[PDB]
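Okay, structure first, notes after.
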Amino acid sequence: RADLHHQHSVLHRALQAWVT
Amino acid sequence: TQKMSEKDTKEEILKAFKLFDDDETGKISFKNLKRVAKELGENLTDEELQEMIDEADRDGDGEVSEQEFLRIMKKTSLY
């Protein structure tokens, strides 16, 4: 869940908090 | 009860805003929204991109500035 190795992901947090 | 002592949700939201705003224009447009959707690789059907922008203020700004994005995020103020 964006726990180990934060290379990217966290745009998901912004997008998915808007859509879902 | 203590949870978030930091202020830096504004930092999060600002840097998140800039990950949409490629153009450095001060707006998240539909295009910037869909450019984010294809960055995650989520196959959205244009209409929910329209919904997301329509949600984030056709009332005043038209597309989405940082205050509209702050409003869309601050919608969850325990909600």
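In the structure tokens, the first chain shown is A, the next is B, and so on; residue numbers restart at 1 for each chain, and ligands run from 1 in the order shown.
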
Show me, as a PyMOL selection string, the residues that have an atom within 12 Å of residue 1 (chain A) when counting only C-alpha atoms, minus same-chain residues fewer than 6 positions from it. chain A and resi 8-10+12-13

Output N, CA and C atoms for every residue in the selection just made, as a PDB file, in the first residue's frame.
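What landed in again_8.pdb:
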ATOM      1  N   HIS A   8       7.412   5.766  -6.616  1.00  0.00           N
ATOM      2  CA  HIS A   8       6.372   6.591  -7.189  1.00  0.00           C
ATOM      3  C   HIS A   8       5.093   6.422  -6.387  1.00  0.00           C
ATOM      4  N   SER A   9       4.093   5.682  -6.915  1.00  0.00           N
ATOM      5  CA  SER A   9       2.735   5.507  -6.406  1.00  0.00           C
ATOM      6  C   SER A   9       1.928   6.761  -6.128  1.00  0.00           C
ATOM      7  N   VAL A  10       2.356   7.616  -5.163  1.00  0.00           N
ATOM      8  CA  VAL A  10       1.582   8.563  -4.350  1.00  0.00           C
ATOM      9  C   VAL A  10       0.797   9.637  -5.119  1.00  0.00           C
ATOM     10  N   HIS A  12      -1.371   8.332  -7.006  1.00  0.00           N
ATOM     11  CA  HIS A  12      -2.546   7.505  -6.807  1.00  0.00           C
ATOM     12  C   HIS A  12      -3.396   8.052  -5.689  1.00  0.00           C
ATOM     13  N   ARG A  13      -2.797   8.318  -4.508  1.00  0.00           N
ATOM     14  CA  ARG A  13      -3.387   9.004  -3.366  1.00  0.00           C
ATOM     15  C   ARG A  13      -4.148  10.259  -3.747  1.00  0.00           C
TER      16      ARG A  13
END

Chain A contacts to chain B at 7 Å (only C-alpha atoms) as a ChimeraX atom specification: /A:11-12,14,18-19

Please dump the current selection as a PDB file, in the first residue's frame; keep C-alpha atoms.
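And here is the file that came out, result-v3.pdb:
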ATOM      1  CA  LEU A  11      -0.025  10.376  -7.306  1.00  0.00           C
ATOM      2  CA  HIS A  12      -2.546   7.505  -6.807  1.00  0.00           C
ATOM      3  CA  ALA A  14      -4.258  12.310  -5.077  1.00  0.00           C
ATOM      4  CA  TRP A  18     -10.669  12.451  -6.051  1.00  0.00           C
ATOM      5  CA  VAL A  19     -12.336   9.634  -8.062  1.00  0.00           C
TER       6      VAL A  19
END

As a PyMOL selection string, which residues of chain A does DSSP assign to helix (DSSP H, G or I)? chain A and resi 11-19

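Between CA of residue 25 (chain B) and CA of residue 6 (chain B) lies a distance of 27.8 Å.
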
Using only C-alpha atoms: which of B:34, B:79, B:2, B:57 has the shortest distance to residue 21 (chain B): B:34

One decimal, in Å: what's the spacing between CA of residue 20 (chain A) and CA of residue 66 (chain B)?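 So the two atoms, CA of residue 20 (chain A) and CA of residue 66 (chain B), lie 19.7 Å apart.
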
Interatomic distance between CA of residue 65 (chain B) and CA of residue 18 (chain B)?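 Taking CA of residue 65 (chain B) and CA of residue 18 (chain B), their separation equals 10.8 Å.
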